[PDB]
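**Student:** Submitted below is the structure of interest, expressed as structure tokens.
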Amino acid sequence: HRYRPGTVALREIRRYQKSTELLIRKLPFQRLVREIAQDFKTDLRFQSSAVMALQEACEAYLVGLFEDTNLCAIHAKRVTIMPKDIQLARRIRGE
Amino acid sequence: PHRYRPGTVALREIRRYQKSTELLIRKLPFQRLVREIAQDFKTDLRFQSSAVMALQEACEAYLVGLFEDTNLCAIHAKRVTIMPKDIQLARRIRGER
Amino acid sequence: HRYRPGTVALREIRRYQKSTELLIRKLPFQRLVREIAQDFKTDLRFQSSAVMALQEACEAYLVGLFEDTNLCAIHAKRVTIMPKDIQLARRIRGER
Amino acid sequence: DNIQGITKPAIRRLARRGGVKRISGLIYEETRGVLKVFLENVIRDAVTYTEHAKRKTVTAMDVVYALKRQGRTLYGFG
Amino acid sequence: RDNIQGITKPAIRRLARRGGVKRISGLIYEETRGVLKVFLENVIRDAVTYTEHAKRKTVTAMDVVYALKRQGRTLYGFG
Amino acid sequence: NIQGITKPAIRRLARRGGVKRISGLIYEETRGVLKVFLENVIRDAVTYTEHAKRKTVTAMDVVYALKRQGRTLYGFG
Amino acid sequence: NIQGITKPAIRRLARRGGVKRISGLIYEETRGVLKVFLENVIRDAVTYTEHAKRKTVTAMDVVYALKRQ
Amino acid sequence: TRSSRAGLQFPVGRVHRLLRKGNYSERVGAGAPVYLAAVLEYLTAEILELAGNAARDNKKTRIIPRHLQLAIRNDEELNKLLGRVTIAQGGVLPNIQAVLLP
Amino acid sequence: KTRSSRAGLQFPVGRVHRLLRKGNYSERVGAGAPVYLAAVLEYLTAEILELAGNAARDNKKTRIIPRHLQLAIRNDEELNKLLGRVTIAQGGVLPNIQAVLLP
Amino acid sequence: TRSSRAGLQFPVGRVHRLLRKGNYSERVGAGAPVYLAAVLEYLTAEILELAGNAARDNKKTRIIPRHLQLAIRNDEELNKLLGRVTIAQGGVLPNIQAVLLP
Amino acid sequence: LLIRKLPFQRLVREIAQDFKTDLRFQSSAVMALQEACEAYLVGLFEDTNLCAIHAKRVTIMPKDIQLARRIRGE
Amino acid sequence: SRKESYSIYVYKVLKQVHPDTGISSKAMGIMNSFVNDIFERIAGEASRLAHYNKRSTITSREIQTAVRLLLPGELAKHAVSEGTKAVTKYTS
Amino acid sequence: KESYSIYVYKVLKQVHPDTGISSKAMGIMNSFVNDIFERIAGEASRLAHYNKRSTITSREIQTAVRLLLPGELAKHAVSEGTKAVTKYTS
Amino acid sequence: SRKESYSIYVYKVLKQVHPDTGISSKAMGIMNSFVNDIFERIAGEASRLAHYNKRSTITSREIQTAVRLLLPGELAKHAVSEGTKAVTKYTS
DNA sequence: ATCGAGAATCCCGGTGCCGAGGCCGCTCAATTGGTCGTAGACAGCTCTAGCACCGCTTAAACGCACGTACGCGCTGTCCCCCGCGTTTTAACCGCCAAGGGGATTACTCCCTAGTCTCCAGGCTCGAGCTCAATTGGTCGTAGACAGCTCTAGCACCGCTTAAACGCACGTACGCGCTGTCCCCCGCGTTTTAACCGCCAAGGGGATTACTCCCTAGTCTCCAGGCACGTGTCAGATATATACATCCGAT
DNA sequence: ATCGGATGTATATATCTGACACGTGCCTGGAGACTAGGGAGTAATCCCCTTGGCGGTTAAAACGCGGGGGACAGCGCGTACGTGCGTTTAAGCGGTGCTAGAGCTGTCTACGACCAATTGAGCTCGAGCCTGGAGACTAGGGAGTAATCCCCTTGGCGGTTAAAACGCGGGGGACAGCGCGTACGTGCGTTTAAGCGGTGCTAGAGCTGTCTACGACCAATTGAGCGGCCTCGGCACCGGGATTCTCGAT
């Protein structure tokens with residue numbers, strides 16, 4: 001059996017929009033946060049809840065940005081988001 | 001007779017009004033609009049002249065920026081004409097709607 | 001034996017004005033309808049009652065047109081309908 | 001060439017129902033043209049409705065609406 | 001009454017031209033008017049609130065500047 | 001470490017955003033956008049830590065940075 | 001009041017209609033036809049006027065009457 | 001039923017539903033479907049009255065479309081109302097022009 | 001007798017007063033200001049908790065969790081306006097698929 | 001004066017008084033208004049520098065709002081600082097999207 | 001316009017009076033009625049002329065008008 | 001597959017006016033087409049009337065006025081009489 | 001360490017006697033109350049400053065509520081504030 | 001009726017940077033608006049910093065952190081440089 | 001045109017028998033009873049717009065003869081052309097026969113709404129202390145209150161550029177097909193995220209000390225603010241040069 | 001495509017002036033010392049604890065990848081829309097001129113909010129049990145996906161009735177011609193059309209206020225519709241009576 005292209009994508013949208021768990025793996029995110037922090041101030045440590053706060057913020061930002069990106073894609077009578085869509089969303093947001 | 005092709009005069013007008021700074025809405029009709037809207041909140045209100053000019057500056061600055069964003073959304077869709085769907089998309093991404 | 005020209009025509013007039021059966025042959029009309037529709041969209045099918053509806057409508061339209069044509073012929077102190085009668089009937093109806 | 005299926009005796013019978021006693025030989029071809037024009041105009045409108053409904057079968061109701069919008073109301077196929 | 005119609009078609013065209021717009025659909029104009037009215041309403045409401053808090057009957061330039069600052073569209077030079 | 005934000009993770013974020021199909025070029029671009037965001041917030045966050053003469057970035061530092069960047073965060077106060 | 005629609009007026013209308021010669025009996029027939037038309041149109045106009053609870057027949061009532069026939 | 005309260009045979013409730021769903025107006029008064037149903041009932045009664053008369057004139061106990069055509073065309077006001085109407089299997093009125101006779 | 005009881009409130013009028021006095025907002029604070037503020041906060045809490053409870057009941061849960069709060073806030077136009085730039089942790093998003101994306 | 005002691009043109013005393021009466025803190029350090037005045041002076045100097053440059057580019061000797069708008073918007077960091085600010089009588093930068101030209 | 005204003009006005013008021021009492025008229029309503037009547041009559045005379053020529057005549061007679069009105073459905 | 005029509009009500013009226021007379025399927029179909037046609041005419045004119053008068057409600061007045069525009073003479077008077085009588089009994 | 005937890009819980013018991021609240025949800029409620037407090041108090045402060053007044057009164061609170069809260073939320077909040085101040089004064 | 005403004009200080013800075021350049025009344029109004037706006041931003045952030053750190057005093061440190069938070073990049077570095085030089089000169 | 005004969009078609013009476021007309025069982029969906037929030041619909045009070053209506057004026061328009069030649073209607077002949085019957089022919093109708101996309105169905109798998117344990121998750125009782133009422137003044141902020149004077153409002157008159165309105169019209173929006181890319185779907189290999197848990201120690205968070213640094217109160221003189229009088233730089237006007245657009249051709 | 005040539009803008013350009021900066025004068029109020037007092041930021045120091053890290057273990061997401069099927073960026077084509085004129089009113093604007101009324105500043109006086117202890121309660125924290133969410137788990141329904149069948153749509157193959165189409169001659173069409181009575185143009189006497197003021201008055205339209213009647217929504221329901229079955233009205237068959245046009249005779 002094989003589902004047609006798009007059916008399972010929509011299924012995943014419903015699944016993950018129904019639920020609330022954080023979607024980026026903890027450890028690679030932590031390494032990224034520490035790497036970025038190292039270029040501003042040396043010898044920094046992090047509280048666990050500080051990293052969880054940063055991850056919640058990043059994923060919320062990306063989900064909202066992807067919603068706007070999707071709106072830009074549908075505007076161009078497409079269903080696939082492309083870099084120019086992200087760039088439009090960020091330009092209009094004022095980033 | 002001479003006739004310019006569609007767009008040439010549009011570009012000339014674009015250059016003209018981005019080169020200059022004068023207000024683009026008629027003073028008095030805007031003033032009547034402002035007084036009408038305010039009166040629909042509180043009757044018998046008065047306005048300082050500079051209050052009406054401030055409101056007009058704000059509206060025109062807002063509209064020019066909004067039209068910039070509509071233009072960017074239109075060009076994204078490989079169009080050159082801005083349409084209502086462009087305004088609503090621009091305002092949705094701005095967070096006004 | 002021979003009836004004079006017109007007597008049998010009148011008998012036929014009374015006959016048809018008494019009855020209600022459809023007067024165009026079913027199958028040639030069906031072919032006509034399918035042909036005309038096909039020159040608008042290929043591979044069309046038809047419900048039977050749709051073709052019967054077109055045929056009923058056509059015969060009713062033609063009988064009425066022939067009534068008006070006859071009045072136009074009589075107006076010109078004739079008893080024979082002529083192309084100019086049809087064209088007058090359609091002009092006054094506002095179809096042409 | 002299906003217009004030729006509207007035969008000479010059929011046009012005569014229709015004329016008889018209309019009260020016509022005598023028919024010139026040139027009437028018949030003229031009648032066919034008129035009939036053909038009528039059909040085009042009705043069927044055109046009918047097909048538009050079918051196309052509006054995204055259907056592939058012209059129904060009796062499509063025809064009833066075409067006739068209605070042409071001012072030739074037909075009763076009984078609703 | 002019906003003063004929103006004072007924002008004429010050539011005026012909206014002028015604003016769009018300054019915004020770099022070359023061609024404008026006929027439906028834009030009515031749409032733009034609605035948008036403008038909402039904006040004005042939102043600003044003026046806040047402005048009038050300030051006037052009422054101050055127990056004044058004259059809307060001042062500062063009331064409008066403050067209203068704009070509050071909604072997030074700070075306007076310079078009118079204080 | 002930016003490569004640790006894996007392809008399936010970005011796909012999952014896009015799914016939560018309602019996206020059904022995703023171009024192959026989005027992923028690197030998304031990472032760049034993410035990096036910029038993080039940099040800005042963290043730049044501000046560490047600044048707060050430094051004013052307090054502390055060496056540990058707290059949840060409140062991040063919450064304050066996000067709020068003052070118009071991205072107020074609830075629940076971590 | 002029907003006699004106020006004079007013979008030369010009907011002649012002028014027929015001239016605009018392309019008629020070159022007019023039988024003497026035409027005029028009365030035309031007047032009757034006109035009266036019938038007027039009756040029908042005005043009947044509709046007044047019907048519209050009454051629905052609006054007005055006492056003045058307006059131009060729009062008449063336009064509506066013409067549209068509906 | 002509302003039809004019984006109004007003394008009618010035609011369905012007031014159904015007429016009300018059809019007014020609601022025909023997208024004619026946003027709101028419908030309580031009396032409108034009653035009035036429409038009453039008018040429809042009268043016209044139905046008048047056509048059936050005339051068609052029955054014609055049926056008995058033809059020594060038939062059953063009304064057929066032919067009787068409907070005779071009923072409608074022999075009544076000036078019904079003929080006016082249905083001036084642009086085709087009654088299927090109705091035929092035409094018997095009528096021969098006097099000038100056509102020998 | 002507490003000030004909240006005299007004011008018919010549940011939120012702590014005295015505490016709100018202390019936070020106003022110590023929040024560096026003004027040199028002095030009127031006696032009615034913390035009552036009003038506590039009343040406004042109580043009103044908003046009751047409305048938000050009302051909607052979140054409703055959402056919880058649709059989900060057959062007896063305890064409100066952040067998901068119900070997100071549904072309550074985003075599904076109410078005025079609350080969504082008030083919190084347009086606010087992220088509710090572990091809230092997720094509203095179910096929404098663009099019609100053009102459906103088969 | 002404190003401005004002279006600090007080598008500044010902006011009024012340290014006035015900034016200190018406005019800080020005292022702006023309900024910003026119960027106490028204000030002696031260095032805070034000096035620092036603030038210095039920052040305000042620097043930013044004023046940068047905006048006036050760029051606006052003067054633009055004014056001379058236009059062969060004008062007086063800076064008008066148009067030059068201020070050009071100065072602010074043509075500098076990425078100043079444009080960022082004043083990203084949500086409307087300069088009255090500033091106009092916009094000349095800019096036509098490449099796809100619209102013939 | 002080819003009919004005199006005042007006799008037309010009087011005719012309109014006379015006919016209206018037999019349906020409802022105490023009516024007054026807007027000016028533009030009467031002018032509307034006059035444009036409509038004259039346009040109708042011109043069209044009817046056009047059809048009448050076609051009927052006359054059909055009978056190899058150039059003179060319109062009442063049966064021409066009556067035929068035109070019968071085919072129009074009046 | 002439930003297709004509604006006015007057939008049974010037409011039959012009751014028929015039984016009111018001609019107790020020992022029936023009706024064929026074709027003739028009944030003609031009656032149903034007739035009822036829908038007149039329905040459409042009256043309702044449409046009433047809708048236009050309400051629009052014309054800047055009213056959002058079709059009331060018995062619009063129905064009555066539509067009947068007067070659409071029905072000829074004595075037929076119109078009798079229909080109006082039946083409708084008014086029906087409305088006054090219904091309101092009570 | 002102060003919080004509004006007990007007052008949020010009292011309100012919950014008022015509106016839903018048999019409904020509880022998770023720790024995270026209670027934290028979110030505390031975030032909510034602090035956020036709206038800061039917004040309203042700050043706007044009231046600006047109103048008082050703007051008008052060269054040294055006192056924050058219920059009128060500044062009410063005006064701030066009118067500026068911050070949309071439509072029905074604003075009207076009901078103002079109604080609750082007035083009722084509460086009237087009950088408190090007597 | 002005494003209304004204070006920054007006009008003379010803006011004008012002195014202008015004369016420092018452009019000795020033969022003037023300024024319009026509207027532009028001077030924009031400069032006064034600008035200085036007041038940036039003042040408000042910096043003072044407010046410094047107040048927030050002091051509160052955040054349970055300090056009752058706004059010092060040059062609070063100003064410095066607010067400047068670093070509010071100003072972009074190189075502009076922030078130059079502003080910090082100007083402020084530090086000014087503070088060290090004042091202290092001596 | 002009218003008298004009789006008459007034959008061929010129609011009408012009619014009477015009849016076997018069959019197919020829609022008529023009527024019941026069961027359902028179930030559309031219908032309807034009762035409730036409530038709401039506002040559109042109705043009702044009530046103003047006014048001045050436009051019309052019912054007329055007193056005079058003129059004058060094209062209209063009513064009334066002259067005659068008068070012209071299309072309208074009757075009338076004799078011609079013809080050509082179209083119904084009537086015969087015979088011929090062939091497609092129409094019955095039906096019979098099968099086939100082909102259409103078709104809604106049923107025929108298969110994978111989730112989702114719903115069940116059954118097992119707790120971690122707050123829920124409850126007692127000790128506690130930091131914090132919320134209290135009150136009697138103080139002092140200062142602020143609410144009435146008096147004038148004034150500027151400025152917001154309102155009207156009137158050119159007039160002048162702008163705006164509102166037909167009229168082409170070519171440019172672009174929109175649409176359909178499409179060759180091709182390339183994005184998603186399972187599989188199945190393999191990390192590598194996640195878990196358990198253990199340890200350490202750098203720093204955070206709190207504790208107490210204290211010392212420099214902030215505030216406030218008073219007097220001053222002097223920089224900044226209100227005007228003030230006055231150029232000259234930007235606004236206004238022909239001059240003119242060049243810099244784009246745009247129609248016949250490389 | 002770039003090249004002539006023409007228009008047709010803009011861009012700079014000398015020429016000239018009045019209104020907005022600009023330097024000036026004078027006042028007061030506010031930044032400045034300064035002295036002293038009161039008080040918060042700094043500095044060890046201590047506990048512990050939370051977050052690194054370790055380090056081993058493990059199973060679930062990530063990766064690579066091959067397959068295939070569905071958007072994609074054109075590419076061309078239809079037609080319909082916005083634009084750019086050119087013209088004729090609407091009114092925006094400046095000109096002037098008024099004309100109050102509400103900001104505005106300044107005064108006065110009761111009041112209200114900040115304290116300074118001073119008390120007494122609301123609350124936070126620690127044990128002490130508990131109890132209904134999370135997870136493991138199961139049948140119900142959705143889901144695609146074929147895939148056997150209904151409804152038509154062609155093809156065969158005849159009776160068979162009806163079309164074809166011919167010949168005929170019977171008879172309107174129709175042409176021409178002629179006689180008539182009747183509109184037509186025209187000219188003259190008259191009458192009311194138009195229409196100019198010029199008045200006086202209901203009510204169309206409008207502006208406030210309130211309430212009935214309706215959507216609409218839920219909860220019980222019974223009338224109609226669909227199918228199944230019974231039954232004779234009519235419907236064609238056939239045979240007899242009439243009638244109805246047709247031809248000999250005046």
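We label chains A, B, ... in the order they appear in the structure tokens, count residues from 1 in each chain, and number ligands from 1 in the order shown.
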If you count only C-alpha atoms (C1' of nucleotides), which residues fall within 10 Å of residue N:16, apart from same-chain ones fewer than 6 positions away, as a PyMOL selection string?
**Tutor:** (chain J and resi 9+45+49) or (chain N and resi 10)
**Student:** What residues in chain E lie within 7 Å of chain B, counting only C-alpha atoms, written as a list in words?
**Tutor:**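 Taken together, these residues fit the definition: residues 3, 4, 6, 11, 14, 15, 16, 17, 18, 19, 20, 21, 22, 23, 24, 25, 27, 28, 31, 41, 44, 57, 58, 59, 60, 61, 64, 75 and 78 of chain E.
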**Student:** Those selected residues, please, written with C-alpha atoms and delivered as a PDB file, in the first residue's frame.
**Tutor:**
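The result, written out as again.pdb:
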ATOM      1  CA  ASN E   3     -16.694  61.907   4.091  1.00  0.00           C
ATOM      2  CA  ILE E   4     -14.630  58.777   3.362  1.00  0.00           C
ATOM      3  CA  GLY E   6     -13.262  62.652  -0.045  1.00  0.00           C
ATOM      4  CA  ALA E  11      -5.393  60.774  -4.362  1.00  0.00           C
ATOM      5  CA  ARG E  14      -0.907  59.378  -5.951  1.00  0.00           C
ATOM      6  CA  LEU E  15      -0.216  57.541  -2.660  1.00  0.00           C
ATOM      7  CA  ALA E  16       0.271  54.260  -4.520  1.00  0.00           C
ATOM      8  CA  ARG E  17       2.616  55.977  -6.981  1.00  0.00           C
ATOM      9  CA  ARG E  18       4.733  57.267  -4.094  1.00  0.00           C
ATOM     10  CA  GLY E  19       4.735  53.669  -2.853  1.00  0.00           C
ATOM     11  CA  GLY E  20       6.113  52.577  -6.218  1.00  0.00           C
ATOM     12  CA  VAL E  21       2.891  51.071  -7.596  1.00  0.00           C
ATOM     13  CA  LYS E  22       2.578  51.247 -11.374  1.00  0.00           C
ATOM     14  CA  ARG E  23      -0.908  49.819 -11.988  1.00  0.00           C
ATOM     15  CA  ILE E  24      -3.844  49.696  -9.591  1.00  0.00           C
ATOM     16  CA  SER E  25      -6.896  47.445  -9.783  1.00  0.00           C
ATOM     17  CA  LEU E  27     -11.182  47.243  -6.500  1.00  0.00           C
ATOM     18  CA  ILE E  28      -8.145  48.607  -4.628  1.00  0.00           C
ATOM     19  CA  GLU E  31     -10.551  48.472  -0.238  1.00  0.00           C
ATOM     20  CA  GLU E  41     -10.572  55.188  13.869  1.00  0.00           C
ATOM     21  CA  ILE E  44      -8.551  58.876  16.834  1.00  0.00           C
ATOM     22  CA  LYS E  57     -12.630  69.668  24.546  1.00  0.00           C
ATOM     23  CA  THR E  58      -9.832  70.295  21.999  1.00  0.00           C
ATOM     24  CA  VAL E  59      -7.816  67.412  20.563  1.00  0.00           C
ATOM     25  CA  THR E  60      -4.202  68.578  20.557  1.00  0.00           C
ATOM     26  CA  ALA E  61      -1.229  67.594  18.427  1.00  0.00           C
ATOM     27  CA  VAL E  64      -2.324  62.399  18.373  1.00  0.00           C
ATOM     28  CA  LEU E  75       5.585  60.442  14.617  1.00  0.00           C
ATOM     29  CA  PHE E  78       4.705  67.669  16.403  1.00  0.00           C
TER      30      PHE E  78
END
**Student:** Would you please work out which residue, of C:30, C:80, C:19, C:87, is nearest to chain D when using only C-alpha atoms?
**Tutor:**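 That would be C:80, the residue with the smallest distance to chain D.
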**Student:** Could you list, with a cut-off of 9 Å and counting only C-alpha atoms, the residues of chain M near chain F, each shown with its nearest atom pair and the distance in Å rounded to one decimal, rows sorted by chain and ascending number, as a tab-separated table?
**Tutor:**
residue	atom	partner	partner_atom	distance
M:24	CA	F:75	CA	6.9
M:25	CA	F:75	CA	7.7
M:26	CA	F:75	CA	8.3
M:27	CA	F:75	CA	5.0
M:28	CA	F:75	CA	4.1
M:29	CA	F:75	CA	7.6
M:30	CA	F:75	CA	7.4
M:31	CA	F:75	CA	5.4
M:32	CA	F:74	CA	7.1
M:35	CA	F:74	CA	8.7
**Student:** Just write the chosen residues, N, CA and C atoms, as an mmCIF file, in the first residue's frame.
**Tutor:**
data_model
loop_
_atom_site.group_PDB
_atom_site.id
_atom_site.type_symbol
_atom_site.label_atom_id
_atom_site.label_comp_id
_atom_site.auth_asym_id
_atom_site.auth_seq_id
_atom_site.Cartn_x
_atom_site.Cartn_y
_atom_site.Cartn_z
ATOM 1 N N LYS M 24 2.205 24.151 35.540
ATOM 2 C CA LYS M 24 2.565 24.962 34.380
ATOM 3 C C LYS M 24 1.472 25.969 34.051
ATOM 4 N N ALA M 25 0.213 25.533 34.102
ATOM 5 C CA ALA M 25 -0.898 26.430 33.810
ATOM 6 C C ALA M 25 -0.977 27.545 34.840
ATOM 7 N N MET M 26 -0.726 27.218 36.107
ATOM 8 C CA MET M 26 -0.716 28.240 37.144
ATOM 9 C C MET M 26 0.421 29.231 36.911
ATOM 10 N N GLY M 27 1.579 28.732 36.470
ATOM 11 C CA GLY M 27 2.680 29.616 36.116
ATOM 12 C C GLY M 27 2.314 30.542 34.972
ATOM 13 N N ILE M 28 1.561 30.019 34.003
ATOM 14 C CA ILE M 28 1.105 30.824 32.874
ATOM 15 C C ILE M 28 0.117 31.877 33.350
ATOM 16 N N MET M 29 -0.736 31.518 34.306
ATOM 17 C CA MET M 29 -1.671 32.489 34.863
ATOM 18 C C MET M 29 -0.927 33.599 35.594
ATOM 19 N N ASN M 30 0.139 33.241 36.309
ATOM 20 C CA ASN M 30 0.943 34.248 36.993
ATOM 21 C C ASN M 30 1.611 35.173 35.982
ATOM 22 N N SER M 31 2.184 34.595 34.925
ATOM 23 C CA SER M 31 2.723 35.397 33.831
ATOM 24 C C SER M 31 1.668 36.352 33.282
ATOM 25 N N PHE M 32 0.447 35.852 33.081
ATOM 26 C CA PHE M 32 -0.650 36.677 32.577
ATOM 27 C C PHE M 32 -0.925 37.868 33.478
ATOM 28 N N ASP M 35 1.901 40.364 33.453
ATOM 29 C CA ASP M 35 1.932 41.085 32.186
ATOM 30 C C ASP M 35 0.887 42.189 32.137
#
**Student:** Which of chain H counts as alpha helix (DSSP H) under DSSP, as a VMD selection string please?
**Tutor:** chain H and resid 2 to 6 12 to 21 32 to 57 65 to 73 76 to 81
**Student:** Just need the residues of chain B within 7 Å of chain A, counting only C-alpha atoms, so spit them out as an MDAnalysis selection string.
**Tutor:** chainID B and resid 69 77 93:94
**Student:** For chain C, which residue out of O:123, O:24, O:10, O:54 is the nearest one, using only C-alpha atoms (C1' of nucleotides)?
**Tutor:**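 Selected residue with least distance to chain C: O:10.
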**Student:** When DSSP works through the backbone of this structure, what residues of chain B end up as strand (DSSP E), shown as a ChimeraX atom specification?
**Tutor:** /B:46-47,81-82
**Student:** Excluding stretch 3-15 of chain I and any residue of its chain fewer than 6 positions from it, enumerate the residues within 8 Å of it, using only C-alpha atoms (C1' of nucleotides), and give them as a PyMOL selection string.
**Tutor:** (chain I and resi 34-35+38-39+41-42) or (chain M and resi 4+7-8+10-11+84-85+87-88) or (chain O and resi 132)
**Student:** Just write the chosen residues, C-alpha atoms (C1' of nucleotides), as an mmCIF file, in the first residue's frame.
**Tutor:**
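Written output follows (out.cif):
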data_model
loop_
_atom_site.group_PDB
_atom_site.id
_atom_site.type_symbol
_atom_site.label_atom_id
_atom_site.label_comp_id
_atom_site.auth_asym_id
_atom_site.auth_seq_id
_atom_site.Cartn_x
_atom_site.Cartn_y
_atom_site.Cartn_z
ATOM 1 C CA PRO I 34 -5.253 49.379 43.488
ATOM 2 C CA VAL I 35 -8.925 48.464 43.916
ATOM 3 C CA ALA I 38 -7.233 44.386 41.164
ATOM 4 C CA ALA I 39 -10.770 44.415 39.756
ATOM 5 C CA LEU I 41 -7.026 41.777 36.750
ATOM 6 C CA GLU I 42 -9.748 39.689 38.405
ATOM 7 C CA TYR M 4 -0.974 35.294 42.595
ATOM 8 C CA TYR M 7 -6.065 34.251 44.089
ATOM 9 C CA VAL M 8 -6.082 32.533 40.694
ATOM 10 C CA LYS M 10 -9.946 31.232 44.317
ATOM 11 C CA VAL M 11 -11.206 32.627 41.002
ATOM 12 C CA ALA M 84 -15.652 47.524 42.731
ATOM 13 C CA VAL M 85 -14.705 51.127 43.534
ATOM 14 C CA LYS M 87 -18.565 48.939 46.741
ATOM 15 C CA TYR M 88 -15.183 49.728 48.318
ATOM 16 C "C1'" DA O 132 -1.726 44.130 55.228
#
**Student:** Quick one: which residues from chain H are at most 6 Å off chain L, using only C-alpha atoms, as number ranges by chain?
**Tutor:** H: 5-6, 9-10, 24, 27-29, 31-32, 35, 38-39, 62-63, 65
